[PDB]
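**Q** My questions will all concern the structure given below.
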Amino acid sequence: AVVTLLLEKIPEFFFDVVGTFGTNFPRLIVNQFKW
Amino acid sequence: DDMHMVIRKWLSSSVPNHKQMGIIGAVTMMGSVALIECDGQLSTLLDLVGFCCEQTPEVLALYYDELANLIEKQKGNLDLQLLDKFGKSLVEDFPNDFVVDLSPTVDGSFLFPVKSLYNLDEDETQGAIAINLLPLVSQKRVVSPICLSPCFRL
């Protein structure tokens, strides 16, 4: 969706991201540099 | 793989160089996987190689040359299945880069056509002529990864 938004982006589950969900919201965000 | 993860920056482009060193390192770390858990770090740090390859210039040709050097150096090892996973989409980019036509005696446009009047240089040892190395060479401006020398080496 939008480039600064939350739902389709990493900031959807970032409101309750944990130490395990640290590099999970950073996993989908980390996918946005390849290609 | 973290060094090439560092080379992910190099592959991204640290300076005028380091993209080259990225692919040399990438194919070299790739050949160590040719003789899972490390299969995923392989493909993610391969997609950047595909990206710089998908970026227009000779950095695709260098990826071709490096895969050629990898097959050349380790021949008895490096089983067929692993390298087929590595390159079958890089091999099969040559004989369909332009040669899918039927009657190569025509010129089409063959952009800047100095050899529209004299095409079809002397080999004659074939039973079909589709484009026969002419049309990719037409427009050329290639660094010959394009159905040409570095791709023929792979």
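Chain lettering (A, B, ...) mirrors the order of the structure tokens, residue numbering begins at 1 for each chain separately, and ligand numbering begins at 1 in order of display.
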Can you list, as a list in words, every protein, DNA or RNA residue that comes within 8 Å of residue 29 in chain A when you count only C-alpha atoms, leaving out same-chain residues fewer than 3 positions away?
**A**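 So, after excluding close chain neighbours, the residues are residues 9, 10, 25, 26 and 32 of chain A.
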**Q** Give me the residues near residue 11 in chain A as a tab-separated table (two decimals) with C-alpha atoms, in the first residue's frame, where near means some atom within 12 Å (using only C-alpha atoms) and where sequence neighbours in that chain fewer than 5 positions away do not count.
**A**
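New file part-v1.tsv:
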chain	number	residue	atom	x	y	z
A	1	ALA	CA	0.00	0.00	0.00
A	2	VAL	CA	1.28	3.46	0.96
A	3	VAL	CA	4.99	4.10	1.51
A	4	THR	CA	4.63	5.63	4.99
A	5	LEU	CA	1.61	3.60	6.14
A	6	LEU	CA	1.37	0.69	8.58
A	16	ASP	CA	3.11	-5.35	19.57
A	17	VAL	CA	6.40	-6.50	18.05
A	21	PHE	CA	9.06	-10.18	16.21
A	22	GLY	CA	11.97	-7.75	16.13
A	24	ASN	CA	10.14	-10.17	11.66
A	25	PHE	CA	8.89	-6.65	11.05
A	26	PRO	CA	12.55	-6.20	10.06
A	28	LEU	CA	9.56	-7.94	5.62
A	29	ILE	CA	11.27	-4.57	5.76
**Q** Give me, as a list in words, the contact residues of chain B against chain A at a cut-off of 9 Å, counting only C-alpha atoms.
**A** residues 44, 45, 46, 47, 48, 49, 50, 51, 52 and 54 of chain B
**Q** Do you have the CA of residue 13 in chain B-CA of residue 57 in chain B distance handy?
**A** 13.3 Å
**Q** Using the chain letters and numbers from this document, which residues of chain B does DSSP assign to alpha helix (DSSP H), as JSON, numbers by chain?
**A** {"B": [2, 3, 4, 5, 6, 7, 8, 9, 10, 11, 12, 13, 19, 20, 21, 22, 23, 24, 25, 26, 27, 28, 29, 30, 31, 38, 39, 40, 41, 42, 43, 44, 45, 46, 47, 48, 49, 50, 51, 52, 53, 54, 59, 60, 61, 62, 63, 64, 65, 66, 67, 68, 69, 70, 71, 72, 73, 80, 81, 82, 83, 84, 85, 86, 135, 136, 137, 138, 149, 150, 151, 152]}
**Q** Would you mind reading off the distance between CA of residue 77 in chain B and CA of residue 53 in chain B, one decimal, in Å?
**A**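 We find that CA of residue 77 in chain B and CA of residue 53 in chain B lie 26.1 Å from each other.
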**Q** Tell me which protein, DNA and RNA residues are within 12 Å of residue 153 in chain B, counting only C-alpha atoms, leaving out same-chain ones fewer than 6 positions away, and put them as a ChimeraX atom specification.
**A** /B:61-72,90-91,94,144-147
**Q** One decimal, in Å: what's the spacing between CA of residue 99 in chain B and CA of residue 133 in chain B?
**A**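 Distance between the two atoms: 7.3 Å.
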**Q** Considering only C-alpha atoms, can you say which of B:3, B:80, B:21, B:117 comes closest to residue 35 in chain B?
**A** B:80
